[PDB]
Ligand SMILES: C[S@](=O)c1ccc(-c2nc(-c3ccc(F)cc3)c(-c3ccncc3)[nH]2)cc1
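One chain comes next, on its own, written as structure tokens: the form solved without the ligand.
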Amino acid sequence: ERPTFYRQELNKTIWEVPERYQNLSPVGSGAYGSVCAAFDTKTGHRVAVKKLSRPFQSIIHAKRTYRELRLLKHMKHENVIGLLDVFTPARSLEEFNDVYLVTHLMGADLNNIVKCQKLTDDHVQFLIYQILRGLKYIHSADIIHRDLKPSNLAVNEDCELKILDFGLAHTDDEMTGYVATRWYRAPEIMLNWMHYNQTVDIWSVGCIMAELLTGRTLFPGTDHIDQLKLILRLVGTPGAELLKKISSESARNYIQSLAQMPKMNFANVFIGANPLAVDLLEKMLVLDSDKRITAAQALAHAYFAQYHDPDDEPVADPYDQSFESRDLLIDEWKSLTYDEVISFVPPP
């Protein structure tokens, strides 16, 4: 049975939502939609309600809408954002135009915490442990997050953490200059010299952990090339083993122009840090992505001895991504999205 919907205009936008959602108040609007905070009378939760902007305006946009809904419906883990509800006011596929997504309302992010709070080593242990616990789950479904950074990590008053804002495939201008959008990205993808794989997310975790330990951005480059130079000064220029593996002619020709540099001593960079934290950073921030520690391996590192429990670090159900190689028309992506809206089953 379909709920009753009511309409209201908020900051020049029409919102048509089920009666269960009350006290709507605008909180932001990006290029993908607008967001209101609300009170959900069915669950008692404060929620974020996002109305997608132009979800089916082109093939690229229609596929992106389907991609986002499929991802959010799959994620069921304590350290990853999940979907509380999805709805449309349409009564049939023929009148289907608008999609609304509902999640738990998040307060502070990790940006707020590192700028404002004095963190003990125990705080860093617990925060990084939770990132890695969620990432083990994500990676076990063969998903790559692609955009891990402090503003995409929600944290509450009890220091409990959730991963947000999966990369749905950011423009070139958004990555240009002195911008946090690029400071956490792995070197092999910053100029697209290699195809994305899950090891890029571990590089991001290393950059985040360093910033929690020092209070400062690790690689705050003023552009792509300045940032690469900061990276290679810390971790060294590519050695013979890694050079043999480089398959990008653009990478090779530029890298060969730089004077060679050795890896620095991390104990002299991260002065005063727990030696076990330094050891883990050395295993994450490895230039050769084949040699980086994985999320599952990192959970067993001695730095996390007080939190690690191998019986409480779950993996995901399998996730079918075959749609990503499929070529369909706008109305076919739209019909697939409609089916996923109507089949949604809420959590307990």
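Here the rigid core means the biggest group of C-alpha atoms that line up within 1.5 Å when the two forms are laid on top of each other. Position 1 is the first residue in the sequence shown; the rest follow in order.
Of the other entries compared for this protein that flank it with modelled residues, a third or more give no atoms for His170. For the cut-off of one third of the other compared entries, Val179 qualifies: that many or more give it no coordinates while modelling its flanks. Gap between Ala169 and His170: 1 to 3 deposited residues without coordinates. On average the C-alpha atoms of 94 to 102 have higher B-factors than those of the other stretch, with 94 to 102 and 133 to 141 being the two compared. For the pair 324 to 332 and 18 to 26, the mean B factor over Cα atoms is greater in 324 to 332. Out of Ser58, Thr65, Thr294, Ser289, the entry records its largest CA B-factor for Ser58. Residues shown: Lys118, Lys73, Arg182, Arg216. Highest C-alpha temperature factor in the entry: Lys118. In this PDB entry, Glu249 carries a Cα temperature factor that places it within the highest third of its chain's modelled residues. When the modelled residues of the chain are ordered by C-alpha B-factor, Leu69 sits in the lowest third. Among the modelled residues of the chain, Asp173 sits in the highest third by CA temperature factor in this PDB entry. In this PDB entry, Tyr196 carries a Cα temperature factor that places it within the highest third of its chain's modelled residues. Ranked within its chain, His45 lands in the highest third, by CA B factor from the PDB record.
What follows is about the form solved in complex with the ligand, which we do not show.
Using a 4.5 angstroms threshold between heavy atoms, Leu93 stays clear of the ligand in the deposited complex. Interface residue remark: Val35 is counted as part of the site for the ligand in the deposited complex, having a heavy atom within 4.5 Å. The closest non-hydrogen atom of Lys50 lies within 4.5 Å of the ligand in the deposited complex. Though the partner is left out of this view, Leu83 does reach within 4.5 Å of the ligand in the deposited complex, counting heavy atoms only. Every residue of the trio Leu101, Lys149 and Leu164 has some heavy atom no more than 4.5 Å from the ligand in the deposited complex. Residues from 105 to 138 that approach the ligand in the deposited complex with a non-hydrogen atom closer than or equal to 4.5 Å are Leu105, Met106, in the order they occur in the chain. Residue showing a CA shift of 2 Å or more between the shown form and the other one (rigid core superposed; candidates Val278, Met75, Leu213, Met194): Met194. Superposition on the rigid core between the shown form and the other one places the CA atom of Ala31 2 Å or more away from its counterpart. In the core-superposed comparison between the shown form and the other one, the C-alpha atom of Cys116 has shifted by at least 2 angstroms. Annotation for the pair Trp203/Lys115: C-alpha atoms recede from each other in the deposited complex, by 3 Å or more compared with this form. The Cα-Cα distance between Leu218 and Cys116 is lengthened by 3 Å or more in the deposited complex relative to the form shown here.
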